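Two forms of a single protein chain come next, each set out by itself as structure tokens; they are called structure 1 and structure 2.
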Structure 1
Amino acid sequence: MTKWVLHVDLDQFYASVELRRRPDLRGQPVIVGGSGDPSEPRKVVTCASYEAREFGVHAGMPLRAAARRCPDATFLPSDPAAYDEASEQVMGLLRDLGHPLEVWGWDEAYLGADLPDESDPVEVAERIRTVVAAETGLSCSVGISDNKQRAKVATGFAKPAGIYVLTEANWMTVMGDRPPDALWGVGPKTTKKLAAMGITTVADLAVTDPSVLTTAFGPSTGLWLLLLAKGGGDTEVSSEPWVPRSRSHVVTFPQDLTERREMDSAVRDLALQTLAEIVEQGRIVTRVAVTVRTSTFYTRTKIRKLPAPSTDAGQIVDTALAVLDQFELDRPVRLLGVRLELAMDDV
């Protein structure tokens, strides 16, 4: 009788996984990134525990910066296979509730629920938090609404370890005075372009004439931003499996490369690694992109389409190296990367 979308987001996800094996660290600053050595150059924070975030540490910070901003933190190496495994357990549990479940990356999911009168979406969200914790030792937060975008926005108010409802009744009261980048997919550059037209809040955006937004942003985007400002969004939760569009690997080197021999050999090794992973997942490559970053932090990406979709190793390597060859490589190289775009024709 009442249709709800619940958005589950795991709490301090990488840190919470680490905390399962180190329960003595609960309540203490913990910082996941690199190899656990905070003096290591060219490594950053992947996840800071809530306690560490109070010192201003946050994902993407250099570990040496972080250690200097939270000297008593315990530094743990990033363990991806453990986060992957913990994700799968989380999705596998959420699926068994008998509601449509749309997974998004490792640590989020949307759930669609049509509730009779006797129930209450808040109490469905508490049994989600309870089932997850009991079975997996992970805490999560749950935002509630009638569309995905607004539920996801609610989840930021539910953090940490909580539940929050955001609907047409409180959308204006709660987020009207907030800047437009409180909305999903509006960031700093859209914000700046909005500020230029005199729009500095959600409520201001919500009442903007459509043709100002359609002229500035396109006839479908401009209306979408209106919709977002008014608290609307996607209402369908599809259980259909996500098909990745690409896969990539990049490596920042412990010291910058100057031998071209080594740059080639690294791109060749990244192309081979990425290809074997997509072939294992049953995929076919369509385009091949190479990324190069110098010691300047000068970074560019070039891409080329295969004549036809293929999985051929010798062809994809030659293509990547060919694309590599289109860069002037007269500066030391800090990073190299390869990305393989993938066919989405027939699964």
Structure 2
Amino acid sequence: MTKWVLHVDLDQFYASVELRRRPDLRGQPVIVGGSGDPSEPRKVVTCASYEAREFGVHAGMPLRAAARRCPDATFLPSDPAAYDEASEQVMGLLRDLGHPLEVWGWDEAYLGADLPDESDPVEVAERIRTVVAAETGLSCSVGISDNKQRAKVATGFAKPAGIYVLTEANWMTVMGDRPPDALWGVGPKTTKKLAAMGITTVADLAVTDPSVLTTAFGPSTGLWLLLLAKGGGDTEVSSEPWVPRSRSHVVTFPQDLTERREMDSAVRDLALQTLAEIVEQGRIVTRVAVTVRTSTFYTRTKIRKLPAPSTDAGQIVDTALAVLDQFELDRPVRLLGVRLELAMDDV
């Protein structure tokens, strides 16, 4: 009768996992990131607890910046293995409900629920909250709509430890005067381009002439922005396993690199680590991309397609160093990265 999309998102996920092994820190500023040493430059916070966010600290903020704003915080090192496991357990529980479940991120998933005319999608959401709490001790919030984009927007209102329903009835009323980058899939660049067209809010964008948007953004993107402004989005929740298109590793060096020999051997290392992981996953490499960023934060990526797909390490390393070779080391290097694109056609 009525299809609902429920977006379930774990609250302050990494901090919550940390709070499981350190319950005395509940209600205190806890900042996860780096090796838990707040003075290291070139590292960021990966999760701030809600109490640390009152001091302005947020994921993405450098650790040194977070130490300046919240001197009393307990800084904890990032524990990805713990976070990976705590996510695996949460999602396994979420599928156990029997609904389509689509996992996005370590801390989120969408769940499809066709419900009729009783009952209430909120009670599904309440049971989801009660289940994950009693089995995992972790708190989630749940945004409810009929499509993924709108449900995800609804979750931002549901936080923390809550539930929120956002549909055609209350879309525009809720969303109308908000800036266009509150829409999932619109960010600061599209926002500035819209502001140069006289469009500063979701309501403005939802009534904008399609041709103005398709001329400026593309015949498909212009229409999509209109759809998203009117509250629409992807409605189907797929339970099929995700098959990654690429795998990559980048590294920002604690001190800018001046020696070619160090650059080659970092590229070689990144290539060989990434290749070893994708081979573990039974994948084959199609393209090799190498990223260079300079001390002035100037970032370019070059990519080369291999003659045929392969997992040959000598071929992949040489590919990576040839692609690196087309750059200039005119300036010192802040970061190098390798990304390996992967064959999709088979598993």
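We call the rigid core whatever largest set of C-alpha positions still superposes within 1.5 Å between the two forms. Just so we're on the same page, residue numbers count up from 1 along structure 1's sequence.
- Following superposition on the rigid core between structures 1 and 2, the residue from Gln28, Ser295, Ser35, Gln281 with a C-alpha displacement of 2 angstroms or more is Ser295, and no other.
- In the core-superposed comparison between structures 1 and 2, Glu118 has its Cα shifted by at least 2 Å.
- Once the rigid core is overlaid between structures 1 and 2, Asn170 does not reach a Cα shift of 2 Å, moving by less than that.
- After superposition on the rigid core, displacement of the C-alpha of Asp256 between structures 1 and 2 amounts to 2 Å or more.
- For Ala48, the CA shift between structures 1 and 2 after superposing the rigid core equals 0.5 Å.
- Relative to the superposed rigid core, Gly337 shifts its CA by 1.1 Å between structures 1 and 2.
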